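Number of protein chains: 2
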Amino acid sequence: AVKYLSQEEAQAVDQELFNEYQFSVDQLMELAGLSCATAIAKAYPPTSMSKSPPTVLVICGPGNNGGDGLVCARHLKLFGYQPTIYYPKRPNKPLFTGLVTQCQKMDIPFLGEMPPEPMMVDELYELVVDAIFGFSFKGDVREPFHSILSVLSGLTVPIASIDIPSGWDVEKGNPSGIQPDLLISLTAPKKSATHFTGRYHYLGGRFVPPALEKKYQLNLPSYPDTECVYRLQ
Amino acid sequence: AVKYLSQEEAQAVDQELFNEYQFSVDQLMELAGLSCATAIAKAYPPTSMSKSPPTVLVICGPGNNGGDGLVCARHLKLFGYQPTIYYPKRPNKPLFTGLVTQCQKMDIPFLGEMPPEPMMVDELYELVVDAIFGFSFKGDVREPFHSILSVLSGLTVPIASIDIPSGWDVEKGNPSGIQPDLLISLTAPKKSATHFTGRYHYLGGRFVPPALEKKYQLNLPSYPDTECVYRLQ
Ligand SMILES: [Cl-]
Ligand SMILES: [Cl-]
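Here the protein sequences come in this chain order: C and P. Its first residue numbered 1, the first sequence is counted upward by one per residue in our numbering. Its first residue numbered 1001, the second sequence is counted upward by one per residue in our numbering.
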């Protein structure tokens, strides 16, 4: 059975990957994002949806989890979804500006504003992807994300959170916060994932050197054949 | 660190103030209310709000917390907010009838009915003030407040609760009840305030004789200079 990283182990693994193994950020972010998109398409496949193409709102935060979201959105389009992105706070680095351009050019719209009522989110978007905050946030929830998360917690449509449910604490979680229906753990699950109560928990980020896995006793399962996602239980 | 009163200590402090120190109710309620309005303006200052003047719905209960709410509302108006009040159950005592007249004459509207859906509350009112029940309720939530609280718990806009979040138990709290974004503890925090998870917790009711403070080991911080509120952490 698979380990659940503490916030410190997770930073170690991350630091290793970028420093020992010398993976660049682009690379892991591409694979992370592809893995999110893939998990979303396995859990909420387009044929199972009422609209066609199915609609998805991807809300990207101000760091890496956001970057993951942009990558996720772009692959979602190619999997036959109709994504829309809301990216209120964008770092001015070409990683992020490249991601925005890539999505613009694939006719993926960036909204000027978050629809202000849950019901409106629900009628426009069959699925919302929470790419707001990742593991390394501590935090604390400054606007406009407080207000965003407050809308999210009133939705009726499912939420899919990347790595961690934004607003939860990475180890202890949050009973009063958002309650995703899908969680996509990247690399390995974090401790907060124990408090997870949605239907689907997938593991993604299949780029773990088997040495690293062993060094931190991750007990990652065997991803089947050519798959970049595994559904945990 | 500041103490958190039990429900019995709080009744003692209160009884003292009105009996030993011989503060009248008018007096402390004026200061309490001013303090609430002030904390609201520090946490949600008008310039930070999308509407101008910013709108606020103040829901007043059937006792003192309600009284606090009416005072709060009247000072909010003078701070440049556009308050509206909902006061379904009004004691026929001139304290309360004076408060109502004061607000009426400042063109503060009292609604005939609570807007029945959260979404409607959200579109009309940028902030809602919960002045329904204070510490000395036990309770139990009779209509129309059950239904009111049920709407409040679906809002997207922030709630500011005066002294205690109505519907919580004063010492143990309530996971299934409303979740204010601002709590204004009066005099000193009550035990329920430990379960508080909103962004802002202010301390108000700066009228504590330093003797009383000492007698109950309150450890009230030093309110800065001329301030009637201190933000706790
Ligand atoms: Cl902020
Ligand atoms: Cl009743």
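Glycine included, C-beta positions come from ideal geometry on N, C-alpha and C.
Given that residue i touches chain P, what residues does it touch there, using C-beta distances under 9 Å?
i, result
"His-146/C", "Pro-1158, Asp-1181 and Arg-1199"
Residue i versus chain P: which residues are under 8 Å apart at the beta carbon?
i, result
"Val-151/C", "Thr-1156"
"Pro-175/C", "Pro-1175"
"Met-119/C", "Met-1119"
Tell me the DSSP secondary structure of residue i in three-state form.
i, result
"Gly-61/C", "coil"
"residue 979/P", "Any answer about residue 979/P is impossible in this case: the structure gives chain P only from 1001 up to 1233."
"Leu-232/C", "coil"
"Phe-110/C", "strand"
"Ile-1085/P", "strand"
"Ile-159/C", "strand"
"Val-1128/P", "strand"
"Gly-167/C", "coil"
"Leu-186/C", "strand"
"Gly-69/C", "helix"
"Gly-1033/P", "helix"
"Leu-1005/P", "strand"
"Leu-203/C", "strand"
"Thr-47/C", "helix"
"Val-56/C", "strand"
"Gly-98/C", "helix"
Relative to ligand 1, is the shortest distance from any of its heavy atoms to the C-beta of residue i smaller than 6 Å?
i, result
"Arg-142/C", "yes"
Report the neighbours of residue i on chain C: residues whose CB is nearer than 9 Å to its CB, in chain order.
i, result
"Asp-1014/P", "Per Cβ cutoff of 9 Å: no residues; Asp-1014/P is ~30 Å from chain C at best."
I want to verify the contact list: residues of chain C whose CB lies under 8 Å from the CB of residue i, in sequence order.
i, result
"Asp-1122/P", "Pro-116 and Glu-117"
Thinking C-beta only, is residue j closer than 7 Å to residue i?
i, j, result
"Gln-82/C", "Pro-53/C", "yes"
"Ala-1131/P", "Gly-1069/P", "yes"
"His-201/C", "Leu-232/C", "yes"
"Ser-1192/P", "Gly-1167/P", "no"
"residue 1238/P", "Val-1071/P", "Within the shown structure, residues of chain P are numbered from 1001 to 1233, placing residue 1238/P beyond reach of any answer."
"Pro-88/C", "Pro-144/C", "yes"
"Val-1229/P", "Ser-1048/P", "no"
"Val-1170/P", "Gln-1022/P", "no"
"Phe-207/C", "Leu-31/C", "yes"
"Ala-10/C", "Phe-135/C", "yes"
"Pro-1046/P", "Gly-1080/P", "yes"
"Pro-1180/P", "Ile-1159/P", "yes"
"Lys-1051/P", "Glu-1126/P", "yes"
"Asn-1065/P", "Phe-1133/P", "yes"
"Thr-1156/P", "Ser-161/C", "no"
"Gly-67/C", "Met-106/C", "no"
Could you check if residue i belongs to the surroundings of ligand 4, using beta carbon to heavy atom distance under 6 Å?
i, result
"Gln-1233/P", "Among the ligands modelled here, namely ligand 1 and ligand 2, ligand 4 does not occur."
Within the same chain, show all residues whose beta-carbon is closer than 6 Å to that of residue i, passing over the 5 residues directly before and after it, in chain order.
i, result
"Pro-1115/P", "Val-1121"
"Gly-1177/P", "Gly-1167 and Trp-1168"
"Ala-43/C", "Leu-182 and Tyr-200"
"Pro-1062/P", "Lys-1089"
"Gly-1154/P", "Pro-1118"
"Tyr-223/C", "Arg-206 and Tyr-230"
What residues in its chain sit with their C-beta under 7 Å from that of residue i, if we drop five residues either side in the sequence?
i, result
"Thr-194/C", "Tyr-4"
"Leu-76/C", "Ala-37, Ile-40, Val-56 and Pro-83"
"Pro-1094/P", "none"
"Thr-187/C", "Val-13, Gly-205 and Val-208"
"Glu-113/C", "none"
Give every residue of the same chain whose Cβ lies closer than 8 Å to the Cβ of residue i, excluding the five residues on either side of it in the sequence, and list them in chain order.
i, result
"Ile-1085/P", "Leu-1057, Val-1058, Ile-1059, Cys-1060, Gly-1069, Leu-1070, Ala-1073, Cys-1103, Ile-1108, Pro-1109, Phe-1110 and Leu-1111"
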